[PDB]
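The next block is entry.pdb, given as PDB, C-alpha atoms.
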ATOM      1  CA  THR A   1      40.574  46.654  46.007  1.00  0.00           C
ATOM      2  CA  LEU A   2      38.142  46.556  43.043  1.00  0.00           C
ATOM      3  CA  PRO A   3      35.320  49.048  42.188  1.00  0.00           C
ATOM      4  CA  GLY A   4      31.654  47.838  42.117  1.00  0.00           C
ATOM      5  CA  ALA A   5      28.945  48.601  39.509  1.00  0.00           C
ATOM      6  CA  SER A   6      25.142  48.636  40.161  1.00  0.00           C
ATOM      7  CA  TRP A   7      21.823  48.393  38.310  1.00  0.00           C
ATOM      8  CA  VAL A   8      20.331  51.908  37.879  1.00  0.00           C
ATOM      9  CA  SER A   9      16.766  52.997  37.035  1.00  0.00           C
ATOM     10  CA  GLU A  10      15.622  56.005  34.978  1.00  0.00           C
ATOM     11  CA  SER A  11      14.415  58.877  37.234  1.00  0.00           C
ATOM     12  CA  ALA A  12      15.117  62.627  37.451  1.00  0.00           C
ATOM     13  CA  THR A  13      14.129  63.120  41.161  1.00  0.00           C
ATOM     14  CA  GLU A  14      14.653  59.759  42.980  1.00  0.00           C
ATOM     15  CA  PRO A  15      17.700  57.971  44.552  1.00  0.00           C
ATOM     16  CA  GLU A  16      17.344  54.843  42.344  1.00  0.00           C
ATOM     17  CA  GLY A  17      17.915  57.112  39.295  1.00  0.00           C
ATOM     18  CA  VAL A  18      21.478  58.135  40.365  1.00  0.00           C
ATOM     19  CA  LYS A  19      24.604  56.275  39.126  1.00  0.00           C
ATOM     20  CA  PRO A  20      26.687  55.318  42.239  1.00  0.00           C
ATOM     21  CA  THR A  21      30.350  56.326  42.734  1.00  0.00           C
ATOM     22  CA  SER A  22      33.039  53.709  43.584  1.00  0.00           C
ATOM     23  CA  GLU A  23      36.866  53.445  43.934  1.00  0.00           C
ATOM     24  CA  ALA A  24      39.799  51.163  43.136  1.00  0.00           C
ATOM     25  CA  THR A  25      42.742  51.152  45.627  1.00  0.00           C
ATOM     26  CA  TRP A  26      46.446  50.200  45.580  1.00  0.00           C
ATOM     27  CA  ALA A  27      48.841  49.230  48.352  1.00  0.00           C
ATOM     28  CA  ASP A  28      52.635  48.914  48.732  1.00  0.00           C
ATOM     29  CA  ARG A  29      54.452  45.505  48.936  1.00  0.00           C
ATOM     30  CA  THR A  30      58.156  45.976  49.703  1.00  0.00           C
ATOM     31  CA  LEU A  31      61.658  44.547  49.219  1.00  0.00           C
ATOM     32  CA  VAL A  32      64.031  45.258  52.182  1.00  0.00           C
ATOM     33  CA  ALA A  33      67.628  43.986  51.889  1.00  0.00           C
ATOM     34  CA  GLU A  34      68.857  42.172  55.022  1.00  0.00           C
ATOM     35  CA  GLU A  35      72.363  40.854  55.699  1.00  0.00           C
ATOM     36  CA  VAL A  36      73.270  37.183  56.213  1.00  0.00           C
ATOM     37  CA  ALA A  37      76.852  36.268  57.112  1.00  0.00           C
ATOM     38  CA  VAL A  38      79.441  34.027  58.845  1.00  0.00           C
ATOM     39  CA  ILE A  39      83.075  34.231  60.065  1.00  0.00           C
ATOM     40  CA  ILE A  40      85.178  31.003  59.839  1.00  0.00           C
ATOM     41  CA  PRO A  41      88.441  31.352  61.868  1.00  0.00           C
ATOM     42  CA  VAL A  42      91.362  28.909  61.298  1.00  0.00           C
ATOM     43  CA  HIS A  43      95.045  28.785  62.420  1.00  0.00           C
ATOM     44  CA  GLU A  44      97.574  29.954  59.790  1.00  0.00           C
ATOM     45  CA  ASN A  45      99.838  26.910  60.412  1.00  0.00           C
ATOM     46  CA  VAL A  46      96.909  24.554  59.653  1.00  0.00           C
ATOM     47  CA  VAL A  47      96.304  26.411  56.355  1.00  0.00           C
ATOM     48  CA  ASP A  48     100.034  26.105  55.511  1.00  0.00           C
ATOM     49  CA  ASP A  49     100.295  22.394  56.515  1.00  0.00           C
ATOM     50  CA  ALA A  50      97.089  21.133  54.726  1.00  0.00           C
TER
ATOM     51  CA  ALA B   1     126.509  90.613  88.315  1.00  0.00           C
ATOM     52  CA  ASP B   2     127.489  87.963  85.672  1.00  0.00           C
ATOM     53  CA  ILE B   3     126.093  85.833  82.789  1.00  0.00           C
ATOM     54  CA  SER B   4     125.808  82.181  83.884  1.00  0.00           C
ATOM     55  CA  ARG B   5     125.535  78.970  81.776  1.00  0.00           C
ATOM     56  CA  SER B   6     121.758  78.838  82.667  1.00  0.00           C
ATOM     57  CA  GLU B   7     121.591  82.535  81.580  1.00  0.00           C
ATOM     58  CA  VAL B   8     122.186  81.781  77.849  1.00  0.00           C
ATOM     59  CA  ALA B   9     119.727  78.847  77.639  1.00  0.00           C
ATOM     60  CA  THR B  10     119.508  77.304  74.129  1.00  0.00           C
ATOM     61  CA  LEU B  11     122.219  79.592  72.682  1.00  0.00           C
ATOM     62  CA  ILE B  12     124.274  76.552  73.812  1.00  0.00           C
ATOM     63  CA  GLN B  13     122.830  73.573  71.879  1.00  0.00           C
ATOM     64  CA  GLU B  14     123.746  69.913  72.689  1.00  0.00           C
ATOM     65  CA  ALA B  15     125.146  67.490  70.114  1.00  0.00           C
ATOM     66  CA  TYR B  16     124.266  63.910  69.046  1.00  0.00           C
ATOM     67  CA  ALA B  17     126.518  61.078  67.750  1.00  0.00           C
ATOM     68  CA  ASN B  18     125.683  57.471  66.715  1.00  0.00           C
ATOM     69  CA  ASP B  19     129.314  56.367  67.440  1.00  0.00           C
ATOM     70  CA  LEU B  20     128.358  53.889  70.204  1.00  0.00           C
ATOM     71  CA  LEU B  21     124.902  52.803  68.863  1.00  0.00           C
ATOM     72  CA  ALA B  22     125.835  50.012  66.429  1.00  0.00           C
ATOM     73  CA  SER B  23     125.584  46.408  67.722  1.00  0.00           C
ATOM     74  CA  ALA B  24     126.351  43.537  65.339  1.00  0.00           C
ATOM     75  CA  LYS B  25     123.666  40.806  65.331  1.00  0.00           C
ATOM     76  CA  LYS B  26     124.523  37.109  65.801  1.00  0.00           C
ATOM     77  CA  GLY B  27     122.454  34.309  64.183  1.00  0.00           C
ATOM     78  CA  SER B  28     121.679  30.789  65.442  1.00  0.00           C
ATOM     79  CA  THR B  29     124.773  28.566  65.655  1.00  0.00           C
ATOM     80  CA  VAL B  30     122.805  25.297  65.187  1.00  0.00           C
ATOM     81  CA  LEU B  31     121.692  26.623  61.773  1.00  0.00           C
ATOM     82  CA  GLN B  32     125.439  27.199  61.019  1.00  0.00           C
ATOM     83  CA  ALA B  33     126.775  23.875  62.333  1.00  0.00           C
ATOM     84  CA  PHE B  34     124.177  21.200  61.376  1.00  0.00           C
ATOM     85  CA  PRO B  35     122.455  19.989  58.160  1.00  0.00           C
ATOM     86  CA  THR B  36     118.963  21.458  57.643  1.00  0.00           C
ATOM     87  CA  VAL B  37     115.849  19.934  56.021  1.00  0.00           C
ATOM     88  CA  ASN B  38     113.037  21.930  54.388  1.00  0.00           C
ATOM     89  CA  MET B  39     109.849  20.514  56.028  1.00  0.00           C
ATOM     90  CA  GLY B  40     106.510  20.730  54.094  1.00  0.00           C
ATOM     91  CA  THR B  41     104.219  19.922  57.087  1.00  0.00           C
ATOM     92  CA  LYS B  42     104.293  19.634  60.931  1.00  0.00           C
ATOM     93  CA  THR B  43     105.654  16.056  61.286  1.00  0.00           C
ATOM     94  CA  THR B  44     108.272  13.859  59.547  1.00  0.00           C
ATOM     95  CA  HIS B  45     109.202  10.255  60.418  1.00  0.00           C
ATOM     96  CA  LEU B  46     112.861   9.183  59.992  1.00  0.00           C
ATOM     97  CA  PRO B  47     113.526   5.434  60.509  1.00  0.00           C
ATOM     98  CA  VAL B  48     116.841   4.493  62.205  1.00  0.00           C
ATOM     99  CA  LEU B  49     118.502   1.106  62.754  1.00  0.00           C
ATOM    100  CA  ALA B  50     118.068   0.470  66.515  1.00  0.00           C
TER
END
Would you write out, as structure tokens, the structure that this file holds?
Amino acid sequence: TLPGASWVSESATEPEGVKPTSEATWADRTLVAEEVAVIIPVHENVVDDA
Amino acid sequence: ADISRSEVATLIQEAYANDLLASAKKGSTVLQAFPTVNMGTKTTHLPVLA
């Protein structure tokens, strides 16, 4: 989020004389490691005979 | 009255001997008698005059 300025008058006693307060803000965006995998089963005789 | 053979338990140990345990192993006889071939894969064709 971004802060916001305003136009201010000169006064000692009136609301339009006061410089307004405002805030930036930050948030979190995250990496989470997730597991992707496969098992490929084969007969040992097929691996020997290929 | 008297000390029995149960009355001295484990003062009389029992012995062990491997004298009768050995048994000579015998291989295949067709691997003795006939010519072998070293196969590289499941199947081999051998042509014969019919």
One decimal, Å: what's the distance from CA of residue 28 in chain A over to CA of residue 3 in chain A, could you say?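 Spanning CA of residue 28 in chain A to CA of residue 3 in chain A is a straight-line distance of 18.5 Å.
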Show me which bits of chain B are within 9 Å of chain A, counting all atoms listed in the file, as number ranges by chain. B: 40-42
If I wrap all listed atoms of range 12-21 of chain B in a box with edges along x, y and z and add 3 Å on each side, what are its centre and edge lengths in Å to one decimal, as JSON?
{"center_x": 126.1, "center_y": 64.7, "center_z": 70.3, "size_x": 12.5, "size_y": 29.7, "size_z": 13.1}
Name every residue that the PyMOL selection byres ((chain A and resi 4) around 10) selects in this structure, writing the answer as a list in words with chains first and numbers rising.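 Applying the PyMOL selection byres ((chain A and resi 4) around 10) to the structure shown produces residues 1, 2, 3, 5, 6, 20, 21, 22, 23 and 24 of chain A.
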Can I get a file of chain B from the given structure, C-alpha atoms kept, as a PDB file, in the first residue's frame?
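result-v4.pdb was written with the following content:
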ATOM      1  CA  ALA B   1      17.933 -89.514  52.659  1.00  0.00           C
ATOM      2  CA  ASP B   2      20.147 -89.322  49.493  1.00  0.00           C
ATOM      3  CA  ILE B   3      21.418 -86.921  46.770  1.00  0.00           C
ATOM      4  CA  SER B   4      19.676 -87.673  43.450  1.00  0.00           C
ATOM      5  CA  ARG B   5      20.687 -86.753  39.851  1.00  0.00           C
ATOM      6  CA  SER B   6      17.947 -84.002  39.902  1.00  0.00           C
ATOM      7  CA  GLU B   7      19.455 -82.863  43.265  1.00  0.00           C
ATOM      8  CA  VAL B   8      22.728 -81.563  41.704  1.00  0.00           C
ATOM      9  CA  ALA B   9      21.070 -79.712  38.785  1.00  0.00           C
ATOM     10  CA  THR B  10      23.587 -77.924  36.501  1.00  0.00           C
ATOM     11  CA  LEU B  11      26.635 -79.225  38.423  1.00  0.00           C
ATOM     12  CA  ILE B  12      26.201 -81.917  35.719  1.00  0.00           C
ATOM     13  CA  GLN B  13      26.497 -80.060  32.379  1.00  0.00           C
ATOM     14  CA  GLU B  14      25.619 -81.691  28.994  1.00  0.00           C
ATOM     15  CA  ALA B  15      28.040 -81.866  26.066  1.00  0.00           C
ATOM     16  CA  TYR B  16      27.799 -81.002  22.334  1.00  0.00           C
ATOM     17  CA  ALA B  17      29.524 -82.602  19.296  1.00  0.00           C
ATOM     18  CA  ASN B  18      29.276 -81.797  15.546  1.00  0.00           C
ATOM     19  CA  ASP B  19      30.364 -85.394  14.648  1.00  0.00           C
ATOM     20  CA  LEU B  20      27.102 -86.282  12.841  1.00  0.00           C
ATOM     21  CA  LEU B  21      26.209 -82.783  11.468  1.00  0.00           C
ATOM     22  CA  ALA B  22      28.199 -82.675   8.210  1.00  0.00           C
ATOM     23  CA  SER B  23      26.319 -83.551   4.982  1.00  0.00           C
ATOM     24  CA  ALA B  24      28.165 -83.337   1.657  1.00  0.00           C
ATOM     25  CA  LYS B  25      26.258 -81.372  -1.020  1.00  0.00           C
ATOM     26  CA  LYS B  26      25.625 -82.785  -4.516  1.00  0.00           C
ATOM     27  CA  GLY B  27      25.366 -80.534  -7.615  1.00  0.00           C
ATOM     28  CA  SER B  28      23.256 -80.935 -10.772  1.00  0.00           C
ATOM     29  CA  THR B  29      24.280 -83.948 -12.878  1.00  0.00           C
ATOM     30  CA  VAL B  30      23.031 -82.425 -16.178  1.00  0.00           C
ATOM     31  CA  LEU B  31      25.537 -79.579 -15.648  1.00  0.00           C
ATOM     32  CA  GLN B  32      28.230 -82.321 -15.236  1.00  0.00           C
ATOM     33  CA  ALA B  33      27.214 -84.528 -18.179  1.00  0.00           C
ATOM     34  CA  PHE B  34      26.152 -82.147 -21.012  1.00  0.00           C
ATOM     35  CA  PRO B  35      27.701 -79.187 -22.915  1.00  0.00           C
ATOM     36  CA  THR B  36      26.581 -75.772 -21.614  1.00  0.00           C
ATOM     37  CA  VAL B  37      26.018 -72.475 -23.475  1.00  0.00           C
ATOM     38  CA  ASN B  38      26.279 -69.007 -21.904  1.00  0.00           C
ATOM     39  CA  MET B  39      22.984 -67.294 -22.936  1.00  0.00           C
ATOM     40  CA  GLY B  40      22.888 -63.437 -23.170  1.00  0.00           C
ATOM     41  CA  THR B  41      19.051 -63.103 -23.305  1.00  0.00           C
ATOM     42  CA  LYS B  42      15.838 -65.156 -22.732  1.00  0.00           C
ATOM     43  CA  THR B  43      15.585 -66.926 -26.135  1.00  0.00           C
ATOM     44  CA  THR B  44      17.990 -68.537 -28.651  1.00  0.00           C
ATOM     45  CA  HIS B  45      17.078 -70.205 -31.967  1.00  0.00           C
ATOM     46  CA  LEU B  46      19.144 -73.237 -33.090  1.00  0.00           C
ATOM     47  CA  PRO B  47      18.361 -74.516 -36.628  1.00  0.00           C
ATOM     48  CA  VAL B  48      18.506 -78.318 -37.153  1.00  0.00           C
ATOM     49  CA  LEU B  49      18.285 -80.419 -40.326  1.00  0.00           C
ATOM     50  CA  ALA B  50      14.811 -82.039 -40.113  1.00  0.00           C
TER      51      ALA B  50
END
